[PDB]
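Structure first, commentary second.
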Amino acid sequence: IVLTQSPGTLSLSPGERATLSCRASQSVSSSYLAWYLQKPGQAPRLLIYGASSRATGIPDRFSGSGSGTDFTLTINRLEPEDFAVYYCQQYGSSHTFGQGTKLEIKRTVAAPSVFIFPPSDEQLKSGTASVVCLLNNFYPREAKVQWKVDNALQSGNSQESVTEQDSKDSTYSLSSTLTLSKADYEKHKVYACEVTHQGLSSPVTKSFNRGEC
Amino acid sequence: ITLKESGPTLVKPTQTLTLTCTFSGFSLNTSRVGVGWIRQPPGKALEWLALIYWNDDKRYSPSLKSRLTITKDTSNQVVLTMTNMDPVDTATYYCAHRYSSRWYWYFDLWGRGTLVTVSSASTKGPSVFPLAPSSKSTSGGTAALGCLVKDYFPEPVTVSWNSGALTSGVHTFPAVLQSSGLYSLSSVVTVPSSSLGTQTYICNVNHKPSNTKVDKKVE
Amino acid sequence: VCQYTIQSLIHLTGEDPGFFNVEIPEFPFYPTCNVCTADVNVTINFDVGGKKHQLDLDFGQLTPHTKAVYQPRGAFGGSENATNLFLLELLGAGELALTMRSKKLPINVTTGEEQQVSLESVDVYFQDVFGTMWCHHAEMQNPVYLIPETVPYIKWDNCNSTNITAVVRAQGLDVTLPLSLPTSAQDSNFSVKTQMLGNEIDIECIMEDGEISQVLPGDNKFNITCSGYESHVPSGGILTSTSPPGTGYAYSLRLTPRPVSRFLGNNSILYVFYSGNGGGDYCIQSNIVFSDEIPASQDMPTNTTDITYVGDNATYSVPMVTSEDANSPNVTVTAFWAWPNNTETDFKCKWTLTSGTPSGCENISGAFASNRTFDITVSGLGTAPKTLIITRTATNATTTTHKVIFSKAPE
Ligand SMILES: *[C@@H]1O[C@H](CO)[C@@H](O[C@@H]2O[C@H](CO)[C@@H](O)[C@H](O)[C@H]2NC(C)=O)[C@H](O)[C@H]1NC(C)=O
Ligand SMILES: *[C@@H]1O[C@H](CO)[C@@H](O)[C@H](O)[C@H]1NC(C)=O
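Residue numbers (the authors' numbering), protein chains in the order written: chain L, 2 to 27, 27A, 28 to 213; chain H, 2 to 35, 35A to 35B, 36 to 82, 82A to 82B, 83 to 100, 100A to 100D, 101 to 212; chain G, 7 to 250, 256 to 289, 294 to 426.
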């Protein structure tokens, strides 16, 4: 009644091969297991039965294996299309799923395209202001944003969000949001977004001056 | 073959939850087919909930048989029910299809699913605001523009650009919970720097649980 | 209740062809004992819409030396002519099998519950010749809902009919058929499929390991699967290349699927679909016939041994069982002389841990030791060789049987 999969968020270069283990505590009747695939923003797709039988439309490019306490899944000739979340499901007993494995393209390193958007006029009428800094497209997930105001470094208030990797382009994207009251926004002039990244020699910083258009 | 979910995407703690699955392409009064529901609390694993067969027998998750019922209404409707809710139940809920009658079995087809939020809160709608493609947003011969969506409780928010005409280059960020208890986000897209205002760029934001739907321009 | 219990897991594969089939190897069947009068109950547990319901069956005496397939003597809670829905067949080497028709309702239930009947587990109670109650438990790790229906007979009348009749014996078919192909001396993406039809039953079988695109001259072995309850002994098939008109190129093929039971009827027909460069496109059929043979190997496989010492004071250090639980929760050892005569008398030689030598059964004696090996002691040996039969078992052991020839001393 239990399943346990391989490490999470495996990152591989396309053209390589995938290797996902789905270990189990009790040996299912090995004829009875399935593999599934889901991409955030979509719904799960069916892949395999009994670890080898392939569903409709699926090519030879996929192969599972194993029995009892261990089932295994492999993907050949990896394509950027394939990089999503993967699960294994047991039948032959009470239905149970593995805790999930995720896939990432190991894209050739690319730099974050930095932007910054000031709080808009309508937003100011509310008495608050949200300053948004943007890292548009880049591979390496390990990106950091530090918010400086009049060269004074803020803390905590800056919120951050990350889009899931683009299937076609392998491009990440990040949103760093700094929220403060309109009153606190007027106290300072220079608003800057400092970016530290593997794809950047030394940290970048792009800024604007309040009111200057 | 297709399936659709339907139900209230927000339920109060300890209240009762009711979700309806509508389907086409098969008949369940005829044999061999079975329908069931699965859920995924965001990030966590899938958890099977309930299953119902053509022969009208019903089997549930052992630990949740105490709180669940699944039923049959029309020639093409299945209704799930769940009681004594707790906010940890907050999850995306699916209904799926099976072609066999081998008791415990895999799931062949899946609906796109519907989210259920579980928390005592008002059904506040969003407030949209633009993010200007100002001079500072210029780089590499291109510029970017986006719409902020802020201060809405019930999580489901959908966004489209130029009334669905534009798909490529768009990014719809995951929402974050603010200290105020309301979520916020922003959606962005990039354009050639030549295209400054040559076409009025519109972000179409729809928030059905509040019925709030806004179209917004930006310089 | 049970003196020795064996668990087992039932492995469905594919759609139910029309009957359940279970194999029970662990039960004992002594060699040379033609008066081996074993008695059997059978119990089945059905889950109908979530209601736990049972079905007990009686099979009475067994005469392995004389009869093979047994219809139930009676049943509890069955439908019309319920006993005629079951069979228990011997298979040899101490193995037996159980079969039940699944396209008809075994037990009575109210209107609406028919579609919801499912099997959870089965128990087989086995009274030994020595009276010991052996037991077996089989669990449907994944139950199945039964579907009553009077499925028709289907005839692929357009199929080439070779006359090598398929003889089903011991539930295990084995037939070899010739083939005439349009050359294809080398791979032509060969694929094969087989179907057996008669009396509501439909057994369809498929290739394992994919399809044939890797032919070799000579013999070519390949695995197969049949839609049913696969035996612990696998199904299989082997192709052979050719021999030493119209460019006809000769081939020959051998097969052996063995989840096959008599419910097909003496009238059933086999169908074989094969293919060159074309689920099978080239067809051959063959009439099915079921052998009334009595399995000539029901005697449990014997550790055949020969022993000799002076006078009549002969002994034998009887070893442990295969895969013994060393701490041995409960143990039993019993023996008798070859080709016994009287059921009541010749079958009183039993021992356990607590129970010393009981009444009856002279000429024999023994006990365990700190060696943990059972040093047996016998007497009254005649002027010529005699053979002794011995059986041992412990909890969660696999039964062991010894054939010991007490050969008299030489000249
Ligand atoms: C098989 O089942 C039958 C019926 O439950 C058992 O037969 C009974 O045995 C007793 C003695 O123990 C007789 O007095 C009864 O008359 C029998 N029943 C009938 C209806 O005649 C039998 O013992 C069972 N055998 C095993 C090995 O379990
Ligand atoms: C099989 O026997 C039938 C008659 O029963 C005959 O017509 C047919 O030619 C035979 N076929 C072969 C291949 O021997």
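Where is the CB? At the ideal position from N, CA and C, for every residue including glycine.
(message) I'd like to know if G/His17 contacts chain L, where contact means its C-beta is closer than 7 Å to some C-beta of that chain.
(response) yes
(message) Please tell me whether H/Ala49 and H/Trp36 are closer than 7 Å, where the distance is taken between their beta carbons.
(response) Between H/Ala49 and H/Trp36, the gap from beta carbon to beta carbon is short of 7 Å.
(message) Please state whether the Cβ-Cβ distance between G/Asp53 and G/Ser124 is less than 7 Å.
(response) In this structure, G/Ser124 lies closer than 7 Å to G/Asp53 by Cβ.
(request) Leaving aside the five residues before and after G/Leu91 along the sequence, list all residues of the same chain whose C-beta is less than 7 Å from its C-beta, in chain order. (result) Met106, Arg107, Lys110, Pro112
(message) Contact defined as beta carbons within less than 8 Å: I believe H/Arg38 pairs with H/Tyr100A. What is the distance between those atoms, to the nearest angstrom?
(response) 18 Å between Cβ atoms; not a contact.
(message) Tell me the DSSP secondary structure of L/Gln38 in three-state form.
(response) strand
(message) Taking 7 Å as the threshold (beta carbon to beta carbon), is H/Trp100 in contact with chain G?
(response) yes
(message) Please report the distance separating the alpha-carbon of G/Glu206 from that of G/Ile160.
(response) Their Cα atoms are separated by approximately 9 Å.
(request) Could you run through the stretch 142-154 of chain G and flag, in chain order, every residue whose CB is less than 8 Å away from some CB of chain L? (result) Residues of the stretch 142-154 of chain G whose Cβ lies closer than 8 Å to any Cβ of chain L, in chain order: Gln147, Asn148.
(request) Answer yes if the stretch 216-224 of chain G comes into contact with the stretch 139-157 of chain G, meaning at least three C-beta pairs across the two stretches below 8 Å, and no otherwise. (result) no
(request) With 7 Å as the threshold, decide whether the Cβ of L/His95 is near any Cβ in chain H. (result) Interface residue, yes.
(request) Provide the residue span of the beta strand (DSSP E) that contains L/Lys182, from first to last. (result) Boundaries for L/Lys182: no beta strand (DSSP E) harbours it, while the alpha helix (DSSP H) harbouring it runs 182-186, taken from the DSSP string.
(message) Using CA atoms only, rank isn't needed, just tell me which of L/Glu186, L/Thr56, L/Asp70 is closest to L/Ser26.
(response) L/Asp70
(message) For L/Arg107, count the other beta carbons within 10 Å of its own beta carbon; 16 or more makes it buried, fewer makes it exposed. Which is it?
(response) buried
(message) Does the CB of H/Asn197 have a neighbour CB from chain G at under 7 Å?
(response) No, H/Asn197 does not count as interfacial toward chain G.
(request) Could you say which of G/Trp352, G/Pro34, G/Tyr285 lies nearest to G/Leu264 if we only look at CA atoms? (result) G/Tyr285
(message) Using only the alpha-carbon positions, how far apart do G/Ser312 and G/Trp354 sit?
(response) 16 Å
(request) Select from the stretch 144-166 of chain H all residues with a C-beta closer than 7 Å to any C-beta belonging to chain L, and list them in chain order. (result) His164, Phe166
(request) Sort G/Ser338, G/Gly397, G/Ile244, G/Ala341 by Cα distance to G/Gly326 and report the nearest one. (result) G/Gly397
(request) Flag L/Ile116 as yes if its beta-carbon sits less than 7 Å from any beta-carbon of chain H, otherwise no. (result) yes
(message) On the DSSP letters alone, give me the boundaries of the beta strand (DSSP E) that H/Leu48 sits inside.
(response) 46-52
(message) Between G/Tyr151 and H/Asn54, how many whole angstroms is the CB-CB distance? I'm expecting something under 8 Å.
(response) 6 Å
(message) Within a Cβ cutoff of 6 Å, which residues of the same chain sit near G/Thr138, ignoring the five residues on either side of it in sequence?
(response) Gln9
(message) Taking 6 Å as the cut-off, is the C-beta of G/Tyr131 nearer than that to any heavy atom in ligand 1?
(response) yes
(message) Please state whether the Cβ-Cβ distance between H/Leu102 and H/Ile2 is less than 7 Å.
(response) A contact, by the Cβ cut-off of 7 Å.
(request) Starting from the Cα of H/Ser120, find the closest Cα among H/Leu159, H/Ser128, H/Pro147 and give me that residue. (result) H/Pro147
(message) Please confirm whether H/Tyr194 has its beta-carbon closer than 7 Å to some beta-carbon of chain L.
(response) Any Cβ of chain L closer than 7 Å to the Cβ of H/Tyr194 would place that residue at the interface, and such an atom is absent.
(request) Kindly list, in the order they appear in chain H, the residues whose Cβ is closer than 9 Å to that of G/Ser124. (result) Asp56, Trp100
(message) DSSP three-state label for G/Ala88, please.
(response) helix
(message) I'd like to know if L/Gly92 contacts chain G, where contact means its C-beta is closer than 7 Å to some C-beta of that chain.
(response) yes
(message) Quick check on L/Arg45: does DSSP put it in helix, strand or coil?
(response) strand
(message) Can you pull out the residues from the stretch 118-141 of chain L whose beta carbon lies closer than 7 Å to at least one beta carbon of chain H?
(response) The residues in question are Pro118, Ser120, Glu122, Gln123, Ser130, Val132, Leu134, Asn136.
(message) Could you check if G/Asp45 belongs to the surroundings of ligand 1, using beta carbon to heavy atom distance under 6 Å?
(response) yes
(message) Can you pull the chain G neighbours of L/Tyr32, defined as C-beta to C-beta under 8 Å?
(response) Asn148
(request) Could you tell me which residues DSSP pairs with G/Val348 in its beta bridges? (result) G/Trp366, G/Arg407
(request) Mind listing which residues have their beta carbon within less than 5 Å of any non-hydrogen atom of ligand 3? Chain order is fine. (result) Absent from the structure shown: ligand 3. Ligands present: ligand 1 and ligand 2.
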